[PDB]
Number of protein chains: 2
Amino acid sequence: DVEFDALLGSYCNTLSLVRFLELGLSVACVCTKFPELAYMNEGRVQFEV
Amino acid sequence: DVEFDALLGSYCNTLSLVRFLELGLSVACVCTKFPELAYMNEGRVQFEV
């Protein structure tokens with residue numbers, strides 16, 4: 001008697017990487033970066049009308 | 001310890017300027033200018049039909 005078992009095939013994914021600046025939605029953002037933020041208390045913006 | 005606050009940006013408007021003679025309504029007038037209006041008692045126009 002000759003018997004055995006087998007693997008047949010094996011399958012991974014490939015994850016999908018998303019850059020945010022690719023999205024259409026990135027229009028709404030104005031993205032600037034502080035390297036140092038956590039030192040900062042309240043921030044401000046001034047508007048004249 | 002180090003902390004701070006910050007101004008981020010300052011935003012004005014720009015006042016729109018409107019010439020009246022730009023308007024489609026300017027058709028209705030006939031705009032002439034008296035340097036001295038205040039010396040005029042009743043003024044007149046004459047129509048013959």
# chains A, B, ... in the order shown; residues from 1 in each chain; ligands from 1

call {"tool": "closest_atom_pairs", "arguments": {"of": "chain B", "to": "chain A", "cutoff": "9 Å", "atoms": "only C-alpha atoms", "output": "tab-separated table"}}
result
residue	atom	partner	partner_atom	distance
B:1	CA	A:39	CA	8.6
B:2	CA	A:39	CA	6.3
B:3	CA	A:39	CA	5.1
B:4	CA	A:40	CA	5.2
B:5	CA	A:41	CA	5.3
B:6	CA	A:43	CA	5.1
B:7	CA	A:44	CA	4.8
B:8	CA	A:45	CA	5.0
B:9	CA	A:45	CA	5.6
B:10	CA	A:46	CA	4.6
B:11	CA	A:47	CA	4.7
B:12	CA	A:48	CA	4.7
B:13	CA	A:49	CA	5.7
B:14	CA	A:49	CA	8.7

call {"tool": "write_last_selection", "arguments": {"atoms": "N, CA and C atoms", "output": "CSV table (one decimal), in the first residue's frame"}}
result
chain,number,residue,atom,x,y,z
B,1,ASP,N,9.7,73.0,31.4
B,1,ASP,CA,8.4,73.2,30.7
B,1,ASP,C,8.5,74.3,29.7
B,2,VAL,N,7.9,74.2,28.5
B,2,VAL,CA,7.8,75.2,27.5
B,2,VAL,C,6.4,75.1,27.0
B,3,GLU,N,5.7,76.3,26.8
B,3,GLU,CA,4.4,76.4,26.2
B,3,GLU,C,4.3,77.6,25.4
B,4,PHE,N,3.2,77.7,24.6
B,4,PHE,CA,2.9,79.0,23.9
B,4,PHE,C,1.5,78.9,23.3
B,5,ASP,N,1.1,80.0,22.7
B,5,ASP,CA,0.0,80.2,21.8
B,5,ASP,C,0.5,80.7,20.5
B,6,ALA,N,-0.4,80.8,19.5
B,6,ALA,CA,0.0,81.1,18.2
B,6,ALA,C,-1.1,81.8,17.4
B,7,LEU,N,-0.8,82.7,16.6
B,7,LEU,CA,-1.6,83.1,15.5
B,7,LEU,C,-1.3,82.3,14.3
B,8,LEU,N,-2.4,81.8,13.6
B,8,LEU,CA,-2.2,81.1,12.4
B,8,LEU,C,-3.1,81.9,11.4
B,9,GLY,N,-2.4,82.7,10.5
B,9,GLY,CA,-3.1,83.4,9.5
B,9,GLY,C,-3.9,84.6,10.0
B,10,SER,N,-4.2,85.5,9.1
B,10,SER,CA,-5.1,86.6,9.3
B,10,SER,C,-5.8,86.8,8.0
B,11,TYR,N,-7.1,87.0,8.0
B,11,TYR,CA,-7.9,87.0,6.8
B,11,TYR,C,-8.8,88.2,6.7
B,12,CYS,N,-8.6,89.0,5.7
B,12,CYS,CA,-9.4,90.1,5.4
B,12,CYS,C,-10.4,89.8,4.3
B,13,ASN,N,-11.3,90.7,4.0
B,13,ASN,CA,-12.1,90.7,2.8
B,13,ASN,C,-11.5,91.5,1.8
B,14,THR,N,-12.2,91.7,0.7
B,14,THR,CA,-12.0,92.9,-0.2
B,14,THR,C,-13.3,93.5,-0.6

call {"tool": "select_by_dssp", "arguments": {"residues": "stretch 3-43 of chain B", "states": "strand (DSSP E or B)", "output": "ChimeraX atom specification"}}
result
/B:4-11

call {"tool": "write_last_selection", "arguments": {"atoms": "N, CA, C and O atoms", "output": "PDB file, in the first residue's frame"}}
result
ATOM      1  N   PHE B   4       3.233  77.705  24.579  1.00  0.00           N
ATOM      2  CA  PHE B   4       2.918  78.961  23.921  1.00  0.00           C
ATOM      3  C   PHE B   4       1.544  78.902  23.283  1.00  0.00           C
ATOM      4  O   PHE B   4       0.861  77.880  23.311  1.00  0.00           O
ATOM      5  N   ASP B   5       1.146  80.033  22.718  1.00  0.00           N
ATOM      6  CA  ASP B   5       0.009  80.150  21.826  1.00  0.00           C
ATOM      7  C   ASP B   5       0.487  80.694  20.492  1.00  0.00           C
ATOM      8  O   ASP B   5       1.647  81.072  20.329  1.00  0.00           O
ATOM      9  N   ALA B   6      -0.422  80.767  19.533  1.00  0.00           N
ATOM     10  CA  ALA B   6       0.018  81.117  18.199  1.00  0.00           C
ATOM     11  C   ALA B   6      -1.113  81.763  17.425  1.00  0.00           C
ATOM     12  O   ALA B   6      -2.282  81.430  17.622  1.00  0.00           O
ATOM     13  N   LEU B   7      -0.751  82.690  16.554  1.00  0.00           N
ATOM     14  CA  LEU B   7      -1.624  83.134  15.485  1.00  0.00           C
ATOM     15  C   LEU B   7      -1.324  82.285  14.272  1.00  0.00           C
ATOM     16  O   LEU B   7      -0.159  82.078  13.928  1.00  0.00           O
ATOM     17  N   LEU B   8      -2.358  81.792  13.636  1.00  0.00           N
ATOM     18  CA  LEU B   8      -2.199  81.108  12.373  1.00  0.00           C
ATOM     19  C   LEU B   8      -3.051  81.903  11.396  1.00  0.00           C
ATOM     20  O   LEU B   8      -4.277  81.861  11.445  1.00  0.00           O
ATOM     21  N   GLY B   9      -2.395  82.661  10.532  1.00  0.00           N
ATOM     22  CA  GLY B   9      -3.098  83.370   9.486  1.00  0.00           C
ATOM     23  C   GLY B   9      -3.905  84.551   9.971  1.00  0.00           C
ATOM     24  O   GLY B   9      -4.310  84.618  11.131  1.00  0.00           O
ATOM     25  N   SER B  10      -4.169  85.481   9.065  1.00  0.00           N
ATOM     26  CA  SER B  10      -5.078  86.590   9.294  1.00  0.00           C
ATOM     27  C   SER B  10      -5.781  86.843   7.975  1.00  0.00           C
ATOM     28  O   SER B  10      -5.124  86.905   6.935  1.00  0.00           O
ATOM     29  N   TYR B  11      -7.097  86.984   8.006  1.00  0.00           N
ATOM     30  CA  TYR B  11      -7.884  86.961   6.787  1.00  0.00           C
ATOM     31  C   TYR B  11      -8.802  88.169   6.674  1.00  0.00           C
ATOM     32  O   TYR B  11      -9.735  88.331   7.461  1.00  0.00           O
TER      33      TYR B  11
END

call {"tool": "atom_distance", "arguments": {"atom1": "atom CA of residue B:31", "atom2": "atom CA of residue B:15"}}
result
25.2 Å

call {"tool": "select_by_dssp", "arguments": {"residues": "chain A", "states": "helix (DSSP H, G or I)", "output": "ChimeraX atom specification"}}
result
/A:20-22,24-27

call {"tool": "write_last_selection", "arguments": {"atoms": "C-alpha atoms", "output": "short mmCIF file (atom, residue, chain, number, x, y, z; two decimals), in the first residue's frame"}}
result
data_model
loop_
_atom_site.label_atom_id
_atom_site.label_comp_id
_atom_site.auth_asym_id
_atom_site.auth_seq_id
_atom_site.Cartn_x
_atom_site.Cartn_y
_atom_site.Cartn_z
CA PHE A 20 -4.55 60.32 1.50
CA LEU A 21 -3.52 62.95 -1.04
CA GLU A 22 -4.82 60.62 -3.74
CA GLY A 24 -10.72 63.43 -3.99
CA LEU A 25 -11.79 64.32 -0.47
CA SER A 26 -8.38 65.84 0.16
CA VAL A 27 -9.67 69.02 -1.44
#

call {"tool": "atom_distance", "arguments": {"atom1": "atom CA of residue B:32", "atom2": "atom CA of residue B:17"}}
result
21.4 Å
